[PDB]
Amino acid sequence: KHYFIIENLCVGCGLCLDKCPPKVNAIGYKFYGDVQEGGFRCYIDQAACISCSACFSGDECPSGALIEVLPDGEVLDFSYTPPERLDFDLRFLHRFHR
Amino acid sequence: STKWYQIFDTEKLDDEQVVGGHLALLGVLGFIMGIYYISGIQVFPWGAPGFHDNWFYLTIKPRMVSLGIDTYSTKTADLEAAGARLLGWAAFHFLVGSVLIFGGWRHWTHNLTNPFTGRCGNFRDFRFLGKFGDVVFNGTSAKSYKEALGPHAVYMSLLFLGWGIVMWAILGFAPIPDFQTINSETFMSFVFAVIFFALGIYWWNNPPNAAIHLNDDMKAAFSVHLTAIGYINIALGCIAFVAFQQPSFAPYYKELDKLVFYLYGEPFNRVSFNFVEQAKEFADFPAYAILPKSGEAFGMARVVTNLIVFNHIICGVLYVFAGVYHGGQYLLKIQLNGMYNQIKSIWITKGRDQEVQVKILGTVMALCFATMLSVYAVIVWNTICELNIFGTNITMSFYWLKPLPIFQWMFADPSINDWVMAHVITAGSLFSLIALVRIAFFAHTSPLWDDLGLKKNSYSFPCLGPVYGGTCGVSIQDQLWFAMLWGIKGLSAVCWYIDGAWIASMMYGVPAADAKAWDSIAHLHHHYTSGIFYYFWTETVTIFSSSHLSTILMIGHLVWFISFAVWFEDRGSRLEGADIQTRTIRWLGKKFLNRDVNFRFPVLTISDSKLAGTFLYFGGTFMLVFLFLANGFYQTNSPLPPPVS
Amino acid sequence: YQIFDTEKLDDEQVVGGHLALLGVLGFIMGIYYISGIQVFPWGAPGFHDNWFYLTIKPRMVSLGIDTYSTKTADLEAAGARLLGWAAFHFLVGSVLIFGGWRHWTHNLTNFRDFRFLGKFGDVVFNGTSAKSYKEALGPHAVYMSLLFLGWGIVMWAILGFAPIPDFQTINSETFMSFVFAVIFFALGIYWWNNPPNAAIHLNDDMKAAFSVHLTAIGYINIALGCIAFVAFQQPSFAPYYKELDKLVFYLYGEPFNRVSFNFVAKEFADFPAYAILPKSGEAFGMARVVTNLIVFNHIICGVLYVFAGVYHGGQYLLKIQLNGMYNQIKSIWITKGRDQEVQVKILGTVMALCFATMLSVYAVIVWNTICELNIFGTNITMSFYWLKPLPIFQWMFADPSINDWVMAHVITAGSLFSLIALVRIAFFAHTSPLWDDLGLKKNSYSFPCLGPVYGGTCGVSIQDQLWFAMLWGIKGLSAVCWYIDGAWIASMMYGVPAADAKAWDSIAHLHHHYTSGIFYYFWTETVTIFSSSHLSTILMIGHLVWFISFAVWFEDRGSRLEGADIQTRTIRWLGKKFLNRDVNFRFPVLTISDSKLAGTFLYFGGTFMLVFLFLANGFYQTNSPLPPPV
Ligand code: BCL
Ligand code: BCL
Ligand code: BCL
Ligand code: BCL
Ligand code: BCL
Ligand code: BCL
Ligand code: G2O
Ligand code: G2O
Ligand code: SF4
Ligand code: SF4
Ligand code: SF4
Ligand SMILES: [Ca+2]
Ligand SMILES: [Ca+2]
């Protein structure tokens with residue numbers, strides 16, 4: 001398990017804190033500068049954090065900083081990312097959308 | 001996080017579950033209608049007086065008059081007949097509603113067993129009736145909403161035919177094609193039965209395909225139908241306002257002004273501090289009895305018309321907003337699920353390209369800004385000219401600006417007021433449409449959140465934090481709240497126009513000179529009640545006169561400025577204040593309790609704080625608008641003279 | 001909005017700014033003086049009247065600069081005196097601005113050690129300056145003694161008033177100015193022989209001294225407002241105020257002499273076209289109006305000064321908490337809040353007492369309303385009409401009644417309600433018990449959000465708590481305004497057309513008919529406001545400001561940010577379409593701290609822009625009580 005958070009990507013919203021049991025207190029705010037410019041980020045204490053996976057399974061991260069490393073080493077920004085699609089629009093010639 | 005407003009969410013409900021809920025609601029609605037019908041009994045069939053003219057029944061009344069029920073009679077015998085018919089139809093409604101509630105419970109439990117024949121009816125497969133279902137469909141719609149539209153239209157045709165039959169037999173209205181008289185609604189009911197039977201059989205043999213809804217119907221179909229029926233309700237309100245003003249409805253609505261009403265909460269005859277009932281103002285009426293309010297002065301016809309029209313209009317606007325919000329919820333669901341790229345229909349693929357979303361929202365914003373700036377500049381310039389500040393008389397105001405003669409057909413007295421009303425309605429429609437489009441297109445990622453790497457991962461997330469100095473209220477729920485607040489202005493314009501008010505200026509009729517000379521220079525046979533700001537002063541005379549309306553006034557105001565507490569950016573302050581409250585309540589320890597005070601003071605979540613704030617905001621605002629429409633019409637057909645010849 | 005931060009300015013910079021501001025105050029004082037000259041010595045018609053000048057006028061009448069006399073020659077002489085004094089104010093203010101520029105810009109000659117009026121500047125202060133603030137309290141008091149002595153000698157010499165000590169005349173002001181000069185001299189000499197000991201404002205102290213002085217001045221202003229309300233009501237001041245009822249006043253923006261549309265007709269004869277119509281002072285009660293304006297200005301300015309002093313003290317507290325100076329202050333004004341357990345006790349006690357008294361008074365008010373409107377079948381005999389101030393407390397109030405009891409309880413409850421936020425600023429500036437439990441501290445005077453966590457954390461910072469304190473004190477200030485304008489604050493609809501609404505006067509046997517209840521007061525003041533176009537314009541502008549405040553108040557800044565991105569894209573696309581490659585005009589959306597700043601600014605601004613109309617429409621309170629409805 002050993003979940004990590006990328007402070008470069010994190011914007012400091014703290015929904016991980018709400019998704020963490022109060023008895024563990026693994027998520028914590030770290031302040032860097034002005035709050036309105038991004039300021040504080042969030043960090044996980046690996047020793048305290050013991051494989052709950054509530055944070056990632058909640059899939060609440062807007063920034064995708066909440067990452068999950070696997071025993072084989074693959075990293076996940078989101079539980080299920082939408083597939084990448086070759087996008088190109090449809091316009092019927094004789095229909096009203098032309 | 002499943003809250004108490006998520007337990008009835010459709011995601012947990014099946015088709016049979018919602019069928020049962022709709023039937024329970026129909027039965028409860030029938031019970032409420034029985035309550036109202038009983039509440040309309042003016043004289044009891046026992047030989048005794050009746051109920052004191054509830055607003056619910058005062059709204060219901062003209063429709064009942066259209067039927068054989070509820071004669072507009074001061075004659076006691078005919079009024080007793082009216083009460084008898086009302087009570088009988090109320091009992092019939094009670095019985096039918098009880099059976100409907102029973103059916104709704106059966107469909108809620110998924111327990112469909114006929115007592116007479118011990119068989120279980122499958123929801124997925126059945127015949128609608130013993131022979132009729134085999135005659136028409138030969139089976140059941142195969143658990144797909146598109147295949148059900150046919151049978152639904154057939155059932156609606158059956159209901160129309162039944163309504164025609166009921167009018168023909170019980171209410172005694174023979175269908176004739178004379179649309180001015182009442183006895184054509186049954187003929188049109190039969191015509192609609194034929195038309196909708198044809199449409200139902202066509203849609204059963206050829207089901208229309210919009211494959212977006214079928215998969216998660218519980219939200220997609222809900223949103224589409226809710227927005228469509230909201231627009232239908234707006235259209236019904238418009239049609240009602242036009243028709244109730246027609247001479248054809250006049251025998252059923254203008255006569256409402258002829259008769260007086262004794263309303264609940266209408267001021268009573270006031271006794272003195274020493275009334276020896278063994279001094280009393282208005283001694284002819286008994287002590288603490290309601291003084292009659294004359295319909296002619298109250299304008300009860302237009303008051304009831306306005307109540308009906310604005311009820312349907314606001315319900316339609318709210319239904320449109322909720323349809324957009326639930327469609328945004330479904331779109332967010334499919335965006336997180338990856339199905340947004342897989343919908344394959346015009347209603348999504350056109351909005352799939354973010355640049356098309358940008359173009360549409362920018363066009364809406366430009367139209368809203370232009371129309372709003374134009375109409376607002378007109379309004380404030382009219383106000384400036386009528387108050388004469390900066391040395392401008394009303395000759396410089398927009399009194400010349402009438403609607404175009406080609407477009408003048410749909411107004412009683414063409415004036416700047418109708419122009420500003422139309423422009424304000426369009427501007428407010430586009431103003432709310434800005435947020436509705438934001439919900440529609442930006443459920444997951446806005447172009448800003450595309451540029452700045454964030455995405456919306458929930459329908460009720462508060463915000464994304466103080467990053468970039470913002471992120472407040474980007475959730476589709478919060479955009480819905482903003483849309484509702486923006487449409488409050490449009491609904492207010494609707495209410496003030498239907499009640500009668502000068503929307504083209506702010507202070508029309510005030511003791512200022514050019515405010516009074518507006519009618520003189522405008523050549524209007526209608527004297528609008530007053531301007532935007534003077535509307536309160538002119539229409540609160542009755543609201544203050546009536547104790548009941550004043551009570552509603554106070555309660556709505558309290559509700560609004562309690563909404564203030566949860567609307568503002570103060571949730572953290574309230575949380576720390578609640579922690580202090582909890583600490584002092586724990587300080588009730590050593591006040592001789594010997595009881596562990598396990599009561600943490602609760603503070604609502606931001607996603608819940610905005611919910612409560614909008615609910616209380618809308619509730620207070622329109623609890624007060626009810627008084628706006630219940631003060632009276634008070635429009636006299638008399639032009640104002642100029643203060644100076 | 002932080003460009004004149006105390007840490008950016010030295011002491012001499014502060015001196016220069018204050019001197020420039022006193023000079024501009026003299027300049028605007030001259031502006032008002034020349035704005036009130038009724039008839040010029042030229043003989044031409046002069047300025048009609050201004051609320052500025054109608055506020056100033058009683059003082060000029062007391063001083064003899066201007067008179068209430070009814071003679072054109074007398075008014076011309078008064079205008080000549082007014083112009084002379086305005087010229088004096090202009091010149092002295094110009095000199096003061098010159099000093100302000102010579103002190104803001106350090107160009108003289110010794111600010112660390114100088115000599116002040118050296119001939120006797122060696123007699124007082126040993127021929128040396130005040131090295132520090134503790135040493136400066138002395139010379140400041142002696143300077144104020146010089147100011148009082150100057151007022152006394154000017155009043156005797158130029159205004160020609162006697163030193164008679166009887167307290168029913170301006171000669172009392174002369175005698176007491178001399179006495180105050182003596183007293184200030186004694187205080188200053190003691191302070192020079194012994195500087196004070198409050199060391200917290202002797203270290204880096206600009207913000208700290210400023211905060212404590214602003215709070216003291218705000219409470220002094222509230223006291224001055226109460227004192228002025230009592231004194232302006234006293235018969236001894238009546239010659240200078242009650243004559244405002246006996247005179248007519250032509251004010252700008254009043255209903256003009258209404259012209260016709262075929263006019264080369266007019267409403268009133270012999271008054272020319274578009275002429276400000278006369279008003280009788282008895283109808284407006286202009287004495288009560290002027291004292292209301294002055295007293296409420298002082299009261300609100302004192303409230304705002306107290307709030308800002310608490311806010312700046314919180315700023316300094318956060319500063320000394322961040323660098324560790326908080327834990328080594330020997331002044332008791334910090335030791336009583338350093339324990340962080342007395343803080344919880346104090347705030348909880350204030351919250352609980354505020355809750356109890358506010359709930360009691362609100363219940364009383366709503367029960368009065370219910371007994372008024374006969375809701376749930378409640379007669380007027382079921383109300384709190386027995387409830388009055390006790391005879392011991394009755395000397396405080398004239399015409400004792402439930403109105404006065406509710407006013408006192410409401411103002412105390414509002415004071416405590418704002419004090420909740422003030423105490424939150426005072427104690428939880430860096431550490432809060434919740435924020436100590438959550439493991440997150442705070443580091444800036446304006447951190448608005450700290451993210452959505454534990455449900456959300458909006459508005460915890462010191463600045464946001466100042467905004468909330470102002471918001472909650474709006475109710476107390478409204479209570480003050482509505483009591484000084486004569487509103488019946490005990491109930492919600494008094495004197496309204498309804499059942500048992502007039503009956504109050506027949507129940508309480510009042511000798512003073514109050515204007516209206518809470519909700520009927522708007523109606524009964526707007527009946528007079530709507531006549532005036534000026535008050536109507538202020539009404540609409542104030543409401544406009546108020547509701548535009550809500551765009552930044554609500555939790556909506558992020559929606560505005562994405563909408564501004566959309567607006568920027570739209571503008572760029574369109575400006576690149578009809579015009580060649582013009583790329584500019586990013587839509588600026590205020591940050592959440594600045595959003596709260598602007599929201600409070602607009603809210604307070606509009607609200608009291610309208611309270612000014614409450615206090616300027618007129619008194620309209622009659623001594624004849626309402627009859628029983630029977
Ligand atoms: C004009 C007709 C409208 C419509 C009007 C209503 C109304 C009105 C109600 C519902 C209700 C429900 N509807 Mg519907 N609804 C429409 C279209 C749909 C479609 C669809 C086409 O896909 C679906 C799937 C649903 C599904 C549902 C469920 C969420 C719920 C019934 C099941 C249940 O047992 O609830 C479990 C719970 C109950 C049945 C009762 C719970 C207690 C009370 C009565 C809830 C009242 C809520 C609120 C005050 C209603 C106010 C209306 C406003 C005054 C304008 N509606 C059409 C287009 N529907 C009810 C619901 O619960 O709303 C939340 C409800 O109030
Ligand atoms: C249905 C749920 C409740 C109920 C709640 C209500 C409500 C709510 C109202 C009435 C009212 C009426 N009720 Mg009922 N009532 C019920 C059961 C019944 C039954 C029955 C045997 O089931 C009967 C005969 C009646 C009888 C009647 C009439 C006395 C009266 C006018 C009917 C009419 O105009 O319909 C018109 C019939 C049609 C238009 C055709 C049938 C319906 C069609 C198929 C559906 C589309 C039309 C829809 C209603 C409006 C949408 C228009 C859009 C443009 C699409 N009630 C049950 C228990 N009753 C009305 C009232 O008292 O008026 C003051 C009223 O508004
Ligand atoms: C016209 C009949 C119905 C309608 C039927 C549907 C259907 C069907 C679907 C939606 C769906 C959606 N509806 Mg809809 N909806 C209507 C009214 C609205 C209004 C509104 C206030 O006018 C709004 C804001 C919405 C909002 C939304 C979104 C949540 C969503 C589409 C997102 C998207 O990418 O759109 C992209 C934008 C468009 C394709 C716009 C162009 C529309 C059509 C296809 C093209 C011709 C019309 C032309 C532009 C306008 C002039 C001619 C008209 C005849 C007046 N509905 C009316 C009431 N709506 C979908 C969803 O997923 O629901 C959960 C869905 O399945
Ligand atoms: C310094 C700034 C400006 C200026 C701006 C103003 C302003 C602003 C106002 C006046 C007003 C007046 N000014 Mg001036 N005026 C200036 C210079 C002068 C000069 C001069 C010597 O040149 C003179 C003769 C005057 C004369 C006058 C009077 C015509 C009038 C009433 C004064 C009076 O009550 O004072 C009495 C003097 C004192 C009591 C002196 C001591 C001041 C005390 C210390 C002030 C604070 C008291 C308070 C309770 C707090 C105490 C706290 C601590 C306990 C110590 N001014 C310069 C140019 N002038 C007033 C007005 O027009 O009234 C309608 C007014 O408010
Ligand atoms: C006597 C009661 C108050 C007091 C009253 C004021 C007031 C009131 C102000 C200051 C101002 C300042 N005070 Mg102070 N001051 C006190 C004691 C202190 C002490 C101290 C204890 O040693 C300190 C360190 C300070 C520090 C300071 C500075 C931050 C600042 C002066 C710099 C300058 O540029 O301002 C000059 C700045 C201005 C020119 C801009 C603001 C004023 C307005 C906008 C312009 C004046 C013209 C006016 C609008 C014309 C009237 C028009 C008519 C209404 C129609 N004050 C006590 C506590 N002080 C001023 C400042 O701006 O603070 C930020 C200011 O306005
Ligand atoms: C009476 C004199 C002044 C006063 C003098 C000071 C001084 C001096 C300082 C402050 C400072 C502060 N002031 Mg103060 N302050 C006053 C009014 C207020 C009010 C208010 C009542 O609205 C508030 C909220 C504040 C707010 C604040 C805080 C920002 C800060 C104190 C934090 C703390 O730990 O305090 C804990 C303290 C208390 C809980 C109260 C201590 C009271 C002491 C012990 C006196 C005896 C109390 C007794 C009941 C009085 C009986 C009468 C006797 C004649 C003495 N001031 C009045 C106007 N204040 C400090 C700061 O840093 O300023 C920048 C500071 O050094
Ligand atoms: C009359 C007063 C108001 C405006 C003027 C205005 C302007 C405006 N606002 Mg607003 N608003 C409220 C009042 C006003 N909001 C209230 C009381 C609330 C409390 C709920 C509120 C709330 C939100 C939220 C939550 C969001 C917005 C936005 C958004 C816009 C983006 C583009 C747009 O709507 O174009 C449509 C163009 C208009 C809305 C403005 C046209 C001018 C008109 C003729 C009135 C002129 C008033 C005045 C004279 C101008 C100042 C000159 C002088 C007095 C110094 C945008 C132009 C947001 C976005 O940027 O995206 C939509 C967003 O997220 N709001
Ligand atoms: C009638 C209207 C209001 C209240 C009732 C009230 C109650 C209340 N609020 Mg509020 N509020 C606004 C209106 C009302 N806020 C507005 C318009 C804003 C926009 C700025 C606003 C904002 C903030 C912030 C930012 C904070 C608070 C708090 C805080 C309290 C904590 C203890 C205290 O102050 O008790 C003093 C207050 C009481 C005595 C309230 C209880 C009886 C009452 C006399 C009247 C009874 C009215 C009745 C309950 C209504 C329905 C009755 C029946 C149907 C159930 C606390 C009891 C906060 C804290 O917990 O600490 C102070 C905090 O941080 N607010
Ligand atoms: S995995 Fe468990 S312990 Fe670790 S941060 Fe998430 S909730 Fe806390
Ligand atoms: S949810 Fe994402 S953005 Fe929010 S605190 Fe956790 S890692 Fe940071
Ligand atoms: S003010 Fe409140 S809603 Fe807005 S970003 Fe900050 S925490 Fe979120
Ligand atoms: Ca009305
Ligand atoms: Ca007034």
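Protein chains in written order, with our numbering: chain A, 1 to 98; chain B, 1 to 645; chain C, 1 to 630.
Yeah, the Cβ is synthetic: ideal placement off N, Cα and C, and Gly gets one too.
- Query: When we look at the beta-carbon of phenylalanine 547 of chain C and count the other beta-carbons within 10 Å, is it buried (16 or more) or exposed?
  - Reply: exposed
- Can you name the start and end residues of the alpha helix (DSSP H) that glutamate 80 of chain B belongs to? 76-109
- Task: Quick one: using the 10 Å Cβ neighbour count with 16 as the cut-off for buried, is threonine 113 of chain B buried or exposed?
- Result: exposed
- Query: Would you call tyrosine 190 of chain C buried or exposed, if buried means 16 or more other Cβ atoms sit within 10 Å of its Cβ?
  - Reply: exposed
- Verify the contact flag: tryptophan 151 of chain C, CB atom, against every heavy atom of ligand 4, threshold strictly below 6 angstroms. yes
- Query: Hey, would you say the C-beta of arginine 112 of chain C is under 6 angstroms away from at least one heavy atom of ligand 8?
  - Reply: no
- Any chance you could list the beta strand (DSSP E) runs of at least 3 consecutive residues sitting entirely within the segment 488-562 of chain B, in chain order? none
- Query: Who does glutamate 68 of chain A pair with in a DSSP beta bridge?
  - Reply: A:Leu76
- Pick from C:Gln168, C:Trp504, C:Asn193: whose alpha carbon is nearest that of residue 635 of chain C? Outside the shown range of chain C (1 to 630) lies residue 635 of chain C, about which nothing can therefore be said.
- Just to confirm, does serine 475 of chain B get its C-beta within under 6 angstroms of one of the non-hydrogen atoms of ligand 3? no
- Does ligand 6 have a heavy atom nearer than 6 angstroms to the CB of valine 603 of chain B? no
- Message: Bridge partners for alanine 48 of chain B per DSSP, in chain order?
- Response: B:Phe44
- Anything in chain A within Cβ reach of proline 452 of chain C, meaning under 9 angstroms, just list it in chain order. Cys13, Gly14, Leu15, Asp18
- Message: Does the CB of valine 303 of chain B have a neighbour CB from chain C at under 7 angstroms?
- Response: no
- Residues near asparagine 617 of chain C in its chain [Cβ-Cβ closer than 7 angstroms; skip 5 each side]: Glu525, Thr528, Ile529, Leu535
- Cβ of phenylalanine 447 of chain C less than 7 angstroms from any chain A Cβ? yes
- Contact list for the segment 600-612 of chain B against chain C, Cβ threshold 9 angstroms: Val603, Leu604, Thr605, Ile606, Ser607, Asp608, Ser609, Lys610
- Find the nearest neighbour of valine 361 of chain C within the set C:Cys458, C:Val15, C:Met492, judged by alpha-carbon distance. C:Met492
- Query: Is the number of C-beta pairs between the segment 205-215 of chain B and the segment 171-185 of chain B that are closer than 8 angstroms three or more?
  - Reply: no
- Candidates B:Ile360, B:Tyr340, B:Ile532: which alpha carbon is nearest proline 83 of chain A's? B:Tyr340
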